[PDB]
Every structure is written in C-alpha cells, then in structure tokens.
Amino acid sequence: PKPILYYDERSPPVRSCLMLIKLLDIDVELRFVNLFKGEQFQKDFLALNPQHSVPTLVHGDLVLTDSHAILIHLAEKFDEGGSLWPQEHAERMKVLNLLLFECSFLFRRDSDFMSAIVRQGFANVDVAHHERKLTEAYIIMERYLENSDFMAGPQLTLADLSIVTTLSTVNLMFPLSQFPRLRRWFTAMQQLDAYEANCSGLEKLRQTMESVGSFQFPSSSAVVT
C-alpha cells in the first residue's frame, strides 16, 4: 500500500517531508491532523503515535514518528542509489549528522520559541533569550556553509530539506542580514521547484502564530525571492 502521511503543513518537519515527496514524485495519501486544535491527542492518533506528533508516516506495517526517519525511509525506498541519502558511507554519515543537528538543536530551539509564544502570548515571552538561542543556530549553519556549498557537502541532500523548512520558519522572526552564506544557500533552496511545498504551510504558520500569539512578525526579516 502507498504511504500515508499524517500532517499539519504549519510544522516545518512536516514541510520537509512534503518537499521530499514533491521532489521524488512520491504518491502519498495525506491525512490532516490539526496541531493547534489538539487533534494529535485524539484517542486513535494517540494509539498510533503516543508522541502525539506530526509528521507520522504509515507505510504498510511500518509506523514512523519522526521526520528524519521518514526522510531517510522515503529516500531509501524512492531514491534508491541516489544522492539525497548518499551511497558512500562518510557522505551519508555527514547527512545523518546534520539531520540530527536539525532535530537536536535547530528545531529544538525553534519549537521552544514558538511554544512559548503559544502558551504565554508574544508580549510575555523573553524574546531576547530566544533571539540569542536562534542566532546561535544561525552561526553554526553559517560555519557549515563556509566549508560547503550545501549543508552536508557539494550537492543537495536530505539535510538541506530538513534544515530549510525550519530555517524559513525561524527567519519569519529573525533576519539573516549578518549571515551571507546562509542567505546565499537559502536563496538557492528557494529556487528549487520542490521548495514550492514549503510556501503554503510557512504562510499558514505565520497567520496562525500572529493570531494565537497576538503579535506581528517583522515583515522585513523573511528572505523572499
């Protein structure tokens, strides 16, 4: 049976999977789970994924509950032998390493900030604290791109798909003026046809956050091309 993706496109790791699905032309059934309405706590979804998170993939009997496993699984099954999840061991470990940076560092910090806004309202968030935490992530990505054209080496990999969605989300709030390699790379990602899959959920996330958090992102921060 074809893969089933439980999704809310406002989430950047969901959008990373949508980008890969578009890039490889994978036929997938989409099932919406509204994270802001709490539909991830519905009894049936909880039984399927006790972490109450999207993206969740059901592909036959395999149930994957983390975007990075979903990206690797889909690459192995639909980009067999390809370069998104490279064949050579060291290149593949480099991609894996950056997927884990996205999980453990970039997304961890973006989620900390966004959840603070939802729970507290923007006016009651220590924005400076989160600006420091997220600028630190910018600095690290800039260091990676000083030595490499894409995040994990000379060509597009799963690492770029995973990182660009969260980066575009962080950059709704924090400008990239001081980060020329990151700007160049983000601009290049924005030219990819697959990036069209990031645009709609990024904008829906912007709308939802401004309403739920009672604020406006600074329009000047987002890199637009």
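Residue numbers run from 1 along the displayed sequence.
Mean CA B-factor, 160-168 versus 26-34: the higher value falls on 26-34. Look at the mean CA B-factor for 181-189 and for 41-49 in the entry; the higher one is 41-49.
Listed residues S104, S111, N97, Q87 were ranked by CA B-factor as deposited; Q87 comes out on top.
For the set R143, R92, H73, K133, the PDB entry puts the maximum C-alpha B factor at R143.
Ranked within its chain, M173 lands in the lowest third, by CA B factor from the PDB record. Annotation for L62: C-alpha temperature factor in the highest third relative to the rest of the modelled chain, per the entry. Among the modelled residues of its chain, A152 has a C-alpha B-factor that falls in the highest third, as given in the PDB entry. Sorting the modelled residues of the chain by their CA temperature factor places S16 in the lowest third. Sort the modelled residues of the chain by CA B factor and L205 lands in the lowest third.
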